[PDB]
Structure formats: structure tokens, C-alpha cells
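What follows is the residue order along each chain.
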Amino acid sequence: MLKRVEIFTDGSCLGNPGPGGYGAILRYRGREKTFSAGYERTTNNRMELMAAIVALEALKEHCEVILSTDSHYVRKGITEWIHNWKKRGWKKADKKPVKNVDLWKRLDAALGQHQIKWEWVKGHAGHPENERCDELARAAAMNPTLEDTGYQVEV
């Protein structure tokens with residue numbers, strides 16, 4: 001019987017772009033482990049992705065994962081964009097580069113190592129863990145100690 005883990009994630013910035021942070025909760029057999037970090041300057045989208053990336057990369061073995069997030073960006077990417085990006089060698093038809101390709105590839109890599117069941121949530125009511133992740137991200141954004149080197153501050 002495969003090990004089953006529940007992952008909840010959220011990420012955001014205090015103004016976008018701006019100081020940011022992510023929050024993730026990993027639950028296994030009633031026990032929860034928290035993950036969070038704050039970055040000097042980044043974007044909501046990058047933090048939303050970083051949250052899922054870090055939680056997934058925390059897994060030491062192949063597991064069945066129920067990943068829950070209210071991120072529209074992650075939802076659309078997973079169910080509507082990644083597929084097309086991969087087939088085009090990560091580059092749209094307009095020849096334009098894919099934004100946050102560094103995190104999208106890192107996430108795709110982590111996802112491929114487990115059996116994932118995505119749960120797209122829309123609202124905090126009835127989703128305690130998700131509100132908790134949001135609170136973790138906001139608190140971390142207030143005291144960022146990391147730098148998002150992959151963030152292209154350029155316009």
C-alpha cells in the first residue's frame with residue numbers, strides 16, 4: 001500500500017511584485033509538517049508555484065499525493081498550459097519565452113516523481129489548511145531571509 005500524503009499550499013506577496021512568501025502543510029497519518037519561506041522580491045505567481053515545489057520536493061519516497069491549492073495560476077498551468085509548453089520545447093507559437101519557466105520545470109520534475117491528485121479549491125470556508133498556508137506565507141513575507149534569484153526583475 002503506497003504512502004499517502006496530503007499537501008496544502010499557498011503563496012503571495014505584500015503588494016505585487018514585492019516581498020513574498022509561501023506556506024505549505026504536509027499531512028501524513030494525522031501528523032502535519034509546516035514549510036515556509038520569505039523572499040525579498042518576487043511575485044504572487046512565483047510564490048504560488050514555489051509552495052507546491054518545496055512541499056513536493058520534501059518527499060523522500062514515491063507517494064500518492066493529494067495536492068490542494070486555490071491558485072488559478074497553478075490550476076491553469078497544470079490543466080491547460082504545461083501540456084502545450086512541453087510539446088513546444090517550452091516556447092509559445094509567438095516564439096515568446098515561458099514566464100517562470102525555471103519554476104514550472106522544477107514543479108513538473110517534482111510532480112513526475114509521485115502519483116498526484118490535484119484539488120482546486122476556491123475559498124477558505126471549509127478549507128482550514130489552506131487558510132493556514134495563507135497565514136504562513138503572509139507572516140514569512142514580513143521577514144524575508146531569502147532571495148528569489150530566478151525572478152527576472154527586468155520588464
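Residues numbered from 1 in each chain as written, not as in the entry; some residues may be left out. Heavy atoms only, no water.

Looking at the method and resolution fields of the entry, one finds X-ray crystallography and 2.10 Å.

Trainee: Please explain the overall build of the protein as it appears in this structure.
Mentor: A count of helical and extended segments in the protein gives four helices and five strands. Written out in order from the N terminus, the α and β elements of the protein read β-β-β-α-β-α-α-β-α. Computed over its C-alpha atoms, the radius of gyration of the protein comes to 15 Å, within 12% of the 15 Å expected for a compact globule of 155 residues. Considered along the principal axes of its C-alpha atoms, the protein spans approximately 45 × 35 × 30 Å. By residue count, 43% of the 155 residues in the protein fall in the buried class. Of the roughly 9,000 Å² that the protein leaves accessible, carbon and sulfur atoms contribute 48%. Positive and negative charge centroids in the protein, built from 25 and 21 side chains respectively, lie 6 Å apart. (Helix = DSSP H or I, 4+ residues; strand = E, 2+ residues; numbered from the N terminus. Rg over C-alpha atoms; globule rule 2.2 N^0.38 Å. Buried < 20%, exposed > 50% of the residue type's maximum accessible area, 1.4 Å probe, protein only. Areas by Shrake-Rupley, 256 points an atom, 1.4 Å probe, with all protein chains shown as cover. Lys, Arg positive; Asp, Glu negative; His and termini not counted. Charge placed at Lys NZ, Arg CZ, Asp CG, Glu CD.)

Trainee: So what exactly am I meant to see when it comes to the nonpolar core here?
Mentor: Generally speaking, soluble globular proteins have nonpolar side chains that are buried together. Ranked by internal contacts, the top residues of the largest apolar core, which has 34 residues, are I7, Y22, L49, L56, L59, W104 and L107. Contributing elements (two or more residues each) for this core: β1 (4-13), β2 (18-28), β3 (31-42), α1 (44-57), β4 (64-69), α2 (72-87) and α3 (101-111). Per-element accounting of this core gives the leading share, nine residues, to α1. The residues touching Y22, leaving out its near neighbours within four places in the chain, are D10, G11, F35, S36, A37, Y39, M47, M50, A51, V54, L136 and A137. (Core = buried A, V, L, I, M, F, W, Y, C linked by side-chain atoms within 4.5 Å. Contact = heavy atoms within 4.5 Å.)

Trainee: Just checking my understanding: could you explain the UniProt feature "binding site: Mg(2+) 1" in the protein for this structure?
Mentor: With numbering aligned to this structure, UniProt lists the feature "binding site: Mg(2+) 1" at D10, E48 and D70. In three dimensions, the annotated residues from a span of 61 residues occupy one location, with a maximal C-alpha spread of 9.1 Å. From this annotated list, the subset lining the largest cavity comprises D70. By the element assignment, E48 lies in helix α1. (UniProt positions renumbered as here; feature names shortened; annotations may be inferred. 1 Å grid on protein atoms, 1.4 Å probe; cavity = no way out; pocket = protein on both sides within 12 Å on 5 of 7 lines; lining within 4 Å.)

Trainee: Is there a simple way to explain the packing of aromatic side chains in this structure?
Mentor: Geometrically, a pair of aromatic rings is defined through the distance of the ring centres and the angle of the planes. For the structure shown, the criterion picks out seven aromatic pairs. In this structure an aromatic cluster arises from ring pairing among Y73, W81, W85, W90 and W104. Directly above the aromatic system of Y28 lies the positively charged group of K3, at a separation of 4.5 Å from the ring centroid. (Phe/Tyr/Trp six-rings, centres within 6.5 Å; stacked < 30°, edge-to-face > 60°. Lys NZ or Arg CZ within 6 Å of the ring centre and 35° of its normal.)

Trainee: Help me understand the pairing of β4, please; the structure alone is not making it clear to me.
Mentor: Working note: regular strand, side chains alternate between the two faces of the sheet. Of the pairings in the sheet, the one linking β1 to β4 comprises six bridges and is parallel in character. Across the sheet, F8 pairs through a bridge with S68, a residue of β4. One ladder, built from six bridges, connects β4 with strand β5 (residues 115-120); its direction is parallel. Within β5, the residue paired with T69 across the bridge is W120. (Pairing = 2+ DSSP bridges.)

Trainee: When you look at α3 in this model, what are you seeing that I'm missing?
Mentor: Each α-helix winds once per 3.6 residues, and so residues spaced three or four apart point in a common direction. Those residues of α3 lying buried are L103, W104, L107, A110 and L111. The buried residues of α3 all sit within an arc of 130° when viewed along its axis, so they share a single face. Among the structural elements, α1, α2 and β5 are those in contact with the buried residues of α3. (Arc of directions from axis to C-beta.)

Trainee: Help me understand the layout of surface pockets, please; the structure alone is not making it clear to me.
Mentor: Each pocket or cavity is described by its volume, and for the largest pocket that value is around 480 Å³. Lining the largest pocket are 20 residues, with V98, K99, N100, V101 and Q152 sitting closest to its centre. Broken down by element, the residue count for the lining of the largest pocket peaks at three residues, all from α3. Classifying every residue of the lining of the largest pocket by side-chain character gives nine nonpolar, six polar and five charged. By volume, the second largest pocket amounts to about 180 Å³. Together, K3, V5, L26, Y28, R31, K33, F35, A58, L59 and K60 line the second largest pocket. Residue composition of the lining of the second largest pocket, grouped by class: six nonpolar, no polar and four charged. (Points joined across faces, edges and corners; volume = space filled by probe spheres on them. Nonpolar A, V, L, I, M, F, W, Y, C, P; charged D, E, K, R; others polar.)

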